[PDB]
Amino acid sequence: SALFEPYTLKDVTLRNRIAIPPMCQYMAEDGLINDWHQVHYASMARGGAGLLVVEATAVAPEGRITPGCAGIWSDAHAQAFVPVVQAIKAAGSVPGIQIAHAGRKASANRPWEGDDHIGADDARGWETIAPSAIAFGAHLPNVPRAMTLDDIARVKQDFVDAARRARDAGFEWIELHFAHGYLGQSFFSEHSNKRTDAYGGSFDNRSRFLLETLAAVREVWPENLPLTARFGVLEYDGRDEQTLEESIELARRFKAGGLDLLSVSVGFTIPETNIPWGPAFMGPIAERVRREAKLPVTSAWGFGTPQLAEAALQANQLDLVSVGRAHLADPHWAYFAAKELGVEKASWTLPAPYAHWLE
């Protein structure tokens, strides 16, 4: 099975091609993770996935999506991840982390608590920042403050500090969150970036925040550990061919800047879109990015059907298959996939206290 072939990137070897993508849990307090996360991550790692990327973790307090989001903006926050890192490793999986800044989508309620921007009278709220003072709209109507050059410098340094902290906590894999309409994505998109300085307008300028952030992180993140990013390569906004072309060019520049792998996603920069949701619908997009930018890729959405994951690898549409919600449903999904694909000794996808009894 292609899905259960190991994968080596820099000094890291994954035991199979199953990655658990970052999935916000909204259970942290003042950015500090706790026993929710400890059990959540350890259980999934024991389930057999070769790579576990920890949820979007804010590089600064205002960069959280919600009051429940994890943060790594201080050494205390980073130390809280050490038991998570070590439990993932103990399980034979590789611990990664996505570091993030929610931009204009920040200061929002938890998804099961309204999922909308926090009211101005609610003491939990905070001022959001973005390339330009323009709201997402719909359920996220808060207008962000437009960043100054000083803000841009500060946020880049926050990403740097976060990467250093992630390194020291023992993460072996880092992912810069440049997707899903948050700060990085919003600098790239003309929808959200109306700047007239060096960080807006042209393709070079819109790319600049992302390339400078990558370059600054590259300086402190070890050369022998995978340096990756998630990036929305189209919006399904009627501008897809031009947007894909630009995004793929940016992926070439990421590779020139030392990126080892790109997690290919959708922009979600604005609500006025028409996304053709379906099983494995990103497969062909990811394949094009992989082939044209000549960079390893992963992608997600609907690959919880093991045959779809296997087919995507056999078609060389991606190098790792990210399986998200199916792991929330079943933390041992990797074992389920091994059985479904007829892997020899499938139960030993799991540790011995389970594997012995399930064979």
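For every residue, the number given is its place in the sequence shown, counted from 1. Whichever C-alpha set is largest while still superposing within 1.5 Å between the two forms counts as the rigid core.
Inset, instruction - Consider 301 to 309 and 326 to 334 separately and indicate which one has Cα atoms farther, on average, from the shown form in 6 other deposited structures of this protein after rigid core alignment. - result: Comparing 301 to 309 with 326 to 334, the larger C-alpha deviation in 6 other deposited structures of this protein belongs to 301 to 309.
Inset, instruction - Going by the average Cα B-factor in the PDB entry, point out whether 105 to 113 or 226 to 234 comes out higher. - result: Per the PDB entry, the higher value belongs to 105 to 113.
Inset, instruction - Compare the mean C-alpha B-factor of 189 to 197 with that of 77 to 85 as given in the PDB entry, and name the stretch with the higher value. - result: Per the PDB entry, the higher value belongs to 189 to 197.
Inset, instruction - Could you say which of 263, 93, 98, 274 has its CA atom at the highest B factor, as listed in the PDB entry? - result: Answer, based on the entry's C-alpha B-factors: 274.
Legend entry - C-alpha B-factor winner, where the candidates are 219, 175, 287, 172: Of the candidates given, the C-alpha B-factor peaks at 219.
Inset, instruction - State the tercile, meaning the lowest, middle or highest third, of residue 131 with respect to the CA B-factors recorded for its chain. - result: Top third by C-alpha B-factor.
Inset, instruction - Comparing against every modelled residue in the chain, figure out the third that the C-alpha B-factor of residue 144 lands in (lowest, middle or highest). - result: Residue 144: CA B-factor falls in the highest third of its chain.
Inset, instruction - Report the third (lowest, middle or highest) to which the CA temperature factor of residue 341 belongs, ranking only the modelled residues of the same chain. - result: For residue 341, whose C-alpha B-factor we compare with every modelled residue in the chain, the answer is the highest third.
Legend entry - Ranked C-alpha temperature factor of residue 298 among modelled chain residues, by third: Answer is lowest: the recorded C-alpha B-factor places it there.
Legend entry - B-factor third for the C-alpha atom of residue 55 within its chain: Lowest third - that is where residue 55 ends up once the chain's C-alpha B-factors are sorted.
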